[PDB]
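> Structure incoming, see below.
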Amino acid sequence: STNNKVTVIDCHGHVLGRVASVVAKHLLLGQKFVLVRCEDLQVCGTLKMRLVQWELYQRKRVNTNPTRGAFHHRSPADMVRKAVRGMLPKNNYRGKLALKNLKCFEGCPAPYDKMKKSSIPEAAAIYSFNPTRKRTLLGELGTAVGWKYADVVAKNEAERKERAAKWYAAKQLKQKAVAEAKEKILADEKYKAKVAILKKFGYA
Amino acid sequence: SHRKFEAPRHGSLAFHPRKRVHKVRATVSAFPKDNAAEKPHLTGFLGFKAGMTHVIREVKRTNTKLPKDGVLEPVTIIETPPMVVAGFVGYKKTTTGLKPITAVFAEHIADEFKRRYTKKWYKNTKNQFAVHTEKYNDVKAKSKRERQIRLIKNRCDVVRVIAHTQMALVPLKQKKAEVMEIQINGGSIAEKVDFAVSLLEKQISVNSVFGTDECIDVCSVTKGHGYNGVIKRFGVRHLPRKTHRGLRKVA
Amino acid sequence: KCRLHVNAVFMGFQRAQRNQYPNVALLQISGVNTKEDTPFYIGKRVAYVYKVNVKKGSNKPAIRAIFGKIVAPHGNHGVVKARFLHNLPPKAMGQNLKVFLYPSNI
Amino acid sequence: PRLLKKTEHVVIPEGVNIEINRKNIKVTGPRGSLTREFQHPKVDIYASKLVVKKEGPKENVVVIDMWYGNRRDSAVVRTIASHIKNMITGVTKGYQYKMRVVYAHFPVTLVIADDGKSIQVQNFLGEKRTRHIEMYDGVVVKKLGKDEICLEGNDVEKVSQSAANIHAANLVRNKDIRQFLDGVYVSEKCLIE
Amino acid sequence: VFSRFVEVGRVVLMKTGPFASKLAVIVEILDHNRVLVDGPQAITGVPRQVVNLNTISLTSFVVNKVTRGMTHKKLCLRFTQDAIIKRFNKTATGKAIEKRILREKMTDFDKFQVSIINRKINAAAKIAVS
Amino acid sequence: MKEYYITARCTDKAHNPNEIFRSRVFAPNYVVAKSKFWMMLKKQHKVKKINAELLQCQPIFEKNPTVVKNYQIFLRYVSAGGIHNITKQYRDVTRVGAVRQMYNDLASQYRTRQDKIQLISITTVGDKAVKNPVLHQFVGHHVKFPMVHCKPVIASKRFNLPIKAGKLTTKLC
RNA sequence: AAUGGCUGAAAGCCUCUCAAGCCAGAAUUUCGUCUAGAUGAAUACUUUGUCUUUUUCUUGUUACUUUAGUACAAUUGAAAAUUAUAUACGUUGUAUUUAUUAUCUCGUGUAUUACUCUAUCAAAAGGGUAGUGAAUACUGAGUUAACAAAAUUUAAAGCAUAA
RNA sequence: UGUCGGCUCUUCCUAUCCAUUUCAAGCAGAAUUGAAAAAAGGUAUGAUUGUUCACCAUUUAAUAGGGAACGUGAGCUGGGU
RNA sequence: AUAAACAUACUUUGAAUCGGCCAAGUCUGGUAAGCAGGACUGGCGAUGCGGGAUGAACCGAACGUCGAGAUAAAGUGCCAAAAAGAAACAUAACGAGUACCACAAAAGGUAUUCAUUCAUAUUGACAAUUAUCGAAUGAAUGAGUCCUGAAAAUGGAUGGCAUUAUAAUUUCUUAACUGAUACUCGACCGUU
């Protein structure tokens, strides 16, 4: 068939490189990925160590014409795209097509804030890290190197938690009502014929 | 091999590339940082340079050895006739910088402001803002405007008034006006829009914006010189007289 | 009407670091995460069904197919080897392939 | 080497209430309330009762427990235990740091604000620049006597840092500091009670 | 304070291998990585063996008076006296273990009725809520 | 690792053919066990294979591979500096089980490959004779510890999905 | 940053930390400011309202013109945070593609919905109210299928008029 | 593959001469000496010599050391060779 | 003992060639050299193929046109076909990462892990305040890892992206896997 769906990845509490390897492999397999919250990823290293690597990175620049030189994107959504692009085929139609199926946003924009989210157990920071190893959020590193919109995302995320918190509470009340209405009609005398089948397989 | 002697580099790389602008008016790339503990006010204007003269001024600074009878200074005269405010726009802070949300315009728009939306005015139908004006008072349009005002107060952080000049008051031959967005720096966004709405179709003078003995910034486009060599462009040293194929070049 | 197939991804041909053998195509059947779940699918039919925007006056079908069989596993992660009547077009990498349920041995 | 279990405890006296919520100890005592976060991902802080005397009875304690861990990480059990112990002292008998002023020839004047949240040092070694030195929240300076001040507060980390901030602003520069023994020094560190 | 410990007598649950989803009892601790499980071979079928702690999970039960290196004979007496099998089957994992066995023997006809029946029940239960 | 019992005799002018050399050699297979056995004869008694007859080479199996025992391996190894003697203790249920620990531990802490280590002897020590600082903490009868930060276990590679749904949690276990 | 300090273990003491946690400190770094600048956004007028290609007129663009072909409203996709996670449980063990009992008719009202549409208040909302339709549950009964067929995703020609 | 030097011009290295921040002295002050961070900014005018080099007279906060086909001849000059 | 009949022994006529270069559990001159010259063998020259990112010589293996299968060197987070589990000394650092190979030394550290030797170890050692304080304390040496030592000129190279109870390093377990024009089987073309 044709997979027109989008696999939304919530980058919270993950590892930048490990996420990219799993995503960059499945971009080549026809899957469309959207990685929300690419500013909550974690990279091995204290903020002091991460800035040295960035300082080394910023040095690479064409001497005779910096406008042609390597472009160092400070936004975390562009750090992830660069990391993913390094694990994709270079300078061919196959590599470019697979890159078009990837997007980060620092928060959760209008369509992707109500889709089902996924996780990558290989890339989780609780499975691949020593707990005492200091890490660094991409947003925290991005602010250090000149990414100005670290406060807009923190404000937008704050109101997204307040909108979801009340939606979850309202959904919880309806679910409790439906759950307790199912028990009443599971124990009804008329539905014994159907229930007896469910009890046989353990569903009820 | 190293250069025998050292000297500062000729020219500044803070302005490379030296690309000439396209529009005569120059837009300020910034505004003074907003303070929310003051009454709303306009933070900009637009004037036409007339010329230069010189004045003798009395020194009021202390502990200075300047003559008591006056110091000669040069002064530029910038004629600034009153501006007409013909609308306002709200901006929102998103993850790609400011994004304008809505632009509410006045009911009556001068022909000076209409000329900005065409290129051959003398052949145009000149129907700019015609539908806007003819349906200004309809309940369908009035309801939409109240939504636009309410949208800004709910989901906007920056307000700027679209003000334009009046070319009839200046000796220039241009008739089309010059449009500038002037930010309102002041209280909450609720009263910024309230202050902005009160200014629709009204005239603003330069005294309402700037005070007395006030330091300001000026943004403009420098005088054009066309193609030029490296001696005038960068101020490099002219080569000795003996040189074959010319003197005024970088060796 | 009904779903009687399992989608498989045409990852690519049997290859090495710098070579490529387009006679055999590698597929990733959905839900097969290990090579011990492969023995069921060894021998099942596999079809690459694509669509061609034919002109109105042409009698060629607008839906064509290439068929083939799964012949052997490939690695420990449930990847199979499939040989088709004609080698799959390399433009079809990453697309979906219908893995049928016949020849049935159930 | 790795210790299977390293345990430390701090006893809670009668007037102190301790509540713990995910390594976030809040201590409230007769003098006031203190709060801190111990964000070490390998410690377990929880209240209990434990006999701490060879023949004494049970008493309320806060147990800081760390399981298998190298000596680099096993050293934080006693550090956190000391930090909680200082909180209990701070909210029961606050800390005070007495600082004495030393000068050679130029008298130094301390202008203490009315609220006690700020100080001013003037004429230090004949200088014309005036040093202000802010104070952390909860720390109050006061003039004890002649050429002497003391800092009052509950948090030993805020009090000691504020005292060191005063000294650090009045260092002698480009001169032999073995001869120009000027500045404000900490005479001694003790408890208010 | 942590609830479940790796001690002697702790009842563990094998999670992989040939004895997956079978109960076992720790009778020895070699080090921080390996323990000696002897979930009575006469009861559950788990032989006395050394296993890595990555393959098992703890439970809320501890068998009373189990010493390190307990023999199989005496261990069996303490296992039935505590009635671990009776207690385990009432837990969330215990019911999840029996559910998996119940589902793995369904047929296509068996799955047909359940999907049809449950769909109507869920739809009807949603109607009954105002 | 498997343990072998190897015997041989030397039949030439120098050695009387009535004295049998026995050994207990830990080798991956019986061909390596003989190779180790012949070297010990040649380097200690001038006995060469061409002038000797092998008699028995039988595997040795653990009597009770269900009892936890504390071992003590006396060994000598070669470093960059010189040659040293070490005595390392191990806890396991088989003699061959502990030896594989020693080989893997030496190659990690001391970076010493297998062809630098000679196992002099291996015995079983008491519960209080253990001196390893880490291993001494688990020899008592009242050992107890909670395994924290547990990674959730997968029954088999069958359910090993690349991308999951929802959130990921560790286990206090 | 170098450096000087605070609390503080390891190592009952000491210690600025080849420990966790903090402070002060550069002609430093980054925001702020200046110059060029890509994808963009708002407003004004002209249109259009399921869609494309080949032609064709114009300096060029858009609308526009002709011959066809194509679909026709109604179950999709969200807890957050932590992980040494308050106590309890460990809820085990297959993410997307890919979770509907063949078609149509006959039937009664009620109820439900992140459903469609209309009106209204609002609104950069899986919004409120009122009504209508759709689907489902209560919950049926009845007709038909045998051979054949069950497909769009876009082709081909123009310049009257307006901006 | 146009082979010295100079003139013009840009960039790079730090093994820093000055300015900035620090520690030490047999550091009383002043003037100095040893060392750390730091290469973003500066680092001259002339008599003699084709000279690189050198040696003198000044001025300066300092008048540091080097690379780029021993940078640079369809850039110059042709003093040397 | 083993092998050898398209064996063995040759005869005649003649071509091209005698600038060589490389590797090394080798040597001589030299401070040394991708320097100069030798002994034995194998190569390159005359040689493609799979691997070492790239490379005349390194590793596997030498080539008629093909189909299928096991393999070699070597690999198995993505580029890239192919792996899961176990234990450790590493990792707060441009530290570690595929031999030849594209670099690092002496020396120092109350950094860290392990082992040996010695003394104090209790009814009471050490630290702090003879008593309390109640379990390890002190010293020497050796072996691994880490840190300092460690400065160059366009911007850049474990191959790149990236990793950090590893996706690094050292060693293992599993009738795990991937892969050459070499091997086996089969079809055809040619020489003998």
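> Given the criterion of a type outside the set (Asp, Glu) and within 16 Å of RNA strand I (Cβ to nearest atom), identify the matching residue among C:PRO103, C:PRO90.
Of C:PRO103, C:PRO90, the one residue that is of a type outside the set (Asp, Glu) and within 16 Å of RNA strand I (Cβ to nearest atom) is C:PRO90.
Residue-by-condition table, conditions (1) within 14 Å of chain A (Cβ to nearest Cβ); (2) of a type in the set (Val, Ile, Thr); (3) away from RNA strand I (no atom under 16 Å from the Cβ):
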| position | (1), (2), (3) |
| --- | --- |
| B:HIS2 | no, no, no |
| B:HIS22 | no, no, yes |
| B:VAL75 | no, yes, yes |
| B:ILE101 | no, yes, yes |
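> Can you tell me which condition A:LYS182 does not meet? The list is (1) part of a helix (DSSP H, G or I); (2) away from chain E (no Cβ under 14 Å); (3) among the basic types (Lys, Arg); (4) buried (at least 16 other Cβ atoms within 10 Å of the Cβ), and all the others hold.
Of everything listed in (1) part of a helix (DSSP H, G or I); (2) away from chain E (no Cβ under 14 Å); (3) among the basic types (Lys, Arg); (4) buried (at least 16 other Cβ atoms within 10 Å of the Cβ), A:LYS182 misses just condition (2).
> Any chance segment D:31-39 includes a residue that's of a type in the set (A, V, I, L, M), within 15 Å of the chain's Cα centre (by Cα) and not in a loop (DSSP other than H, G, I, E, B)?
yes
> Also, quick follow-up: Would you check if there is a residue in segment C:25-35 being within 14 Å of chain A (Cβ to nearest Cβ), farther than 27 Å from A:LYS32 by Cβ and over 10 Å from the mean Cα position of the chain (by Cα)?
no
> Could you check segment C:55-106 for strands (runs of 3 or more DSSP E) lying wholly inside it with 2 or more residues that are out of contact with any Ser or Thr (no Cβ under 9 Å at 6 or more places or on another chain)?
Correct list: C:63-73, C:79-84.
> When you go through (1) more than 16 Å from RNA strand I (Cβ to nearest atom); (2) more than 14 Å from chain F (Cβ to nearest Cβ) one by one for C:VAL46, which number turns out not to apply?
Every condition holds for C:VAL46 apart from (1).
> What's the total number of residues in segment E:104-122 that are under 28 Å from the mean Cα position of the chain (by Cα) and β-branched (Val, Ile, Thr)?
2
> I need a count of the residues in segment B:1-30 that are of a type outside the set (D, E, K, R), more than 7 Å from RNA strand G (Cβ to nearest atom) and in contact (Cβ under 8 Å) with a residue 12 or more places away in the chain.
4
> Answer yes if at least one residue in segment B:17-34 is of a type outside the set (A, V, I, L, M) and within 16 Å of RNA strand H (Cβ to nearest atom), and no otherwise.
Scanning segment B:17-34, I find at least one residue that is of a type outside the set (A, V, I, L, M) and within 16 Å of RNA strand H (Cβ to nearest atom), so the answer is yes.
> Quick check on segment A:1-58: of everything there that is farther than 30 Å from A:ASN92 by Cβ and within 10 Å of the chain's Cα centre (by Cα), which residue is nearest to RNA strand I (Cβ to nearest atom)?
A:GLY13
> Kindly establish whether E:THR67 is touching a residue at least 40 places away in the same chain (Cβ under 8 Å), part of a loop (DSSP other than H, G, I, E, B) and touching a strand residue (DSSP E or B) at 6+ places or on another chain (Cβ under 9 Å).
yes
> Could I ask something else about it? Considering (1) outside any loop (DSSP other than H, G, I, E, B); (2) of a type outside the set (A, V, I, L, M); (3) surrounded by 15 or more Cβ atoms within 10 Å (Cβ to Cβ); (4) more than 10 Å from RNA strand I (Cβ to nearest atom), say which one F:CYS173 fails and leave the rest.
Here F:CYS173 clears every test but (1).
> Looking at segment C:16-54 only, could you name the residues that are touching a residue at least 40 places away in the same chain (Cβ under 8 Å), aliphatic (A, V, I, L, M) and in a loop (DSSP other than H, G, I, E, B)?
C:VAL32
> Can you find a residue in segment D:154-165 that is outside any helix (DSSP H, G or I) and away from RNA strand I (no atom under 16 Å from the Cβ)?
Yes, there is a match, as at least one residue in segment D:154-165 is outside any helix (DSSP H, G or I) and away from RNA strand I (no atom under 16 Å from the Cβ).
> Got a sec? Which of D:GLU55, D:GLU59, D:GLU19, D:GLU8 is away from every other protein chain (no Cβ under 14 Å) and under 30 Å from F:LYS131 (Cα atoms)?
Sole residue among the options that is away from every other protein chain (no Cβ under 14 Å) and under 30 Å from F:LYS131 (Cα atoms): D:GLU8.
> Answer yes or no as to whether E:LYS99 is within 11 Å of another protein chain (Cβ to nearest Cβ) and either touching a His at 6+ places or on another chain (Cβ under 6 Å) or within 30 Å of C:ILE106 (Cβ to Cβ) (or both).
It is true that E:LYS99 is within 11 Å of another protein chain (Cβ to nearest Cβ) and either touching a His at 6+ places or on another chain (Cβ under 6 Å) or within 30 Å of C:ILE106 (Cβ to Cβ) (or both).
> Checking the condition among the β-branched types (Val, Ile, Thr) and surrounded by 15 or more Cβ atoms within 10 Å (Cβ to Cβ), which residue from F:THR11, F:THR87, F:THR66 passes?
So the residue among F:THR11, F:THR87, F:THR66 that is among the β-branched types (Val, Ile, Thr) and surrounded by 15 or more Cβ atoms within 10 Å (Cβ to Cβ) is F:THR66.
> Then there is this: Which of the numbered conditions does E:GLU98 fail, given that it passes all the others? Conditions: (1) within 16 Å of RNA strand I (Cβ to nearest atom); (2) acidic (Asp, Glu); (3) not in a loop (DSSP other than H, G, I, E, B).
(1)
> Could you tell me whether any residue of segment B:210-224 is away from chain A (no Cβ under 14 Å), surrounded by 12 or more Cβ atoms within 10 Å (Cβ to Cβ) and more than 16 Å from RNA strand G (Cβ to nearest atom)?
So far as segment B:210-224 goes, yes, one or more of its residues are away from chain A (no Cβ under 14 Å), surrounded by 12 or more Cβ atoms within 10 Å (Cβ to Cβ) and more than 16 Å from RNA strand G (Cβ to nearest atom).
> Taking interchain pairs and intrachain pairs at least six residues apart, which have beta carbon atoms under 7 angstrom, with the first residue in segment C:55-71 and of a type in the set (D, E, K, R) and the second within 10 Å of RNA strand G (Cβ to nearest atom)?
Listed by first residue and then by second, the contacts come to C:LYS60/C:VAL54; C:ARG64/C:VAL52.
> Let me ask another. Somewhere in segment F:139-148, is a residue farther than 29 Å from F:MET40 by Cβ and either more than 11 Å from chain E (Cβ to nearest Cβ) or assigned to a strand (DSSP E or B) (or both)?
Yes - at least one qualifying residue is present in segment F:139-148.
> Looking for whichever is of a type in the set (A, V, I, L, M, F, W, C) and near RNA strand I (Cβ under 10 Å from one of its atoms) here; the options are F:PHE26, F:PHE21, F:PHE74. Which one fits?
Of F:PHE26, F:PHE21, F:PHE74, the one residue that is of a type in the set (A, V, I, L, M, F, W, C) and near RNA strand I (Cβ under 10 Å from one of its atoms) is F:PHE74.
> Something else about it: Only one residue in B:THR118, B:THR96 is hydroxyl-bearing (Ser, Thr, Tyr) and either touching a residue at least 60 places away in the same chain (Cβ under 8 Å) or more than 14 Å from chain A (Cβ to nearest Cβ) (or both). Which one?
B:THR118
> So which residues in segment D:114-141 are surrounded by 13 or more Cβ atoms within 10 Å (Cβ to Cβ), of a type in the set (D, E, K, R) and either touching a residue at least 60 places away in the same chain (Cβ under 8 Å) or not in a loop (DSSP other than H, G, I, E, B) (or both)?
D:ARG131
> Quick one: count up the residues across segment E:1-19 that are of a type in the set (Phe, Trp, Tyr) and at the interface with another protein chain (Cβ under 7 Å from one of its Cβ atoms).
Qualifying residue count, segment E:1-19: 2.
> Moving to a separate point now. Restricting to segment A:120-163, count the residues that are without any contact (Cβ under 8 Å) to a residue 60 or more places away in the chain, within 10 Å of RNA strand G (Cβ to nearest atom) and within 14 Å of chain D (Cβ to nearest Cβ).
Of the residues in segment A:120-163, 2 are without any contact (Cβ under 8 Å) to a residue 60 or more places away in the chain, within 10 Å of RNA strand G (Cβ to nearest atom) and within 14 Å of chain D (Cβ to nearest Cβ).
> For segment F:152-164, indicate whether the set of residues that are more than 12 Å from RNA strand I (Cβ to nearest atom) and under 30 Å from F:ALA33 (Cα atoms) is non-empty.
No, segment F:152-164 contains no residue that is more than 12 Å from RNA strand I (Cβ to nearest atom) and under 30 Å from F:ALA33 (Cα atoms).
> Let me ask another. Which of the residues belonging to segment B:2-16 are more than 6 Å from RNA strand H (Cβ to nearest atom) and either of a type in the set (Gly, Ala, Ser) or touching a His at 6+ places or on another chain (Cβ under 8 Å) (or both)?
Correct list: B:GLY11, B:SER12, B:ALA14.
Computed from the coordinates by the stated procedures, all read-outs in this text should not be read as laboratory data. Virtual Cβ from ideal backbone geometry, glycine too; neighbours counted across all protein chains shown.
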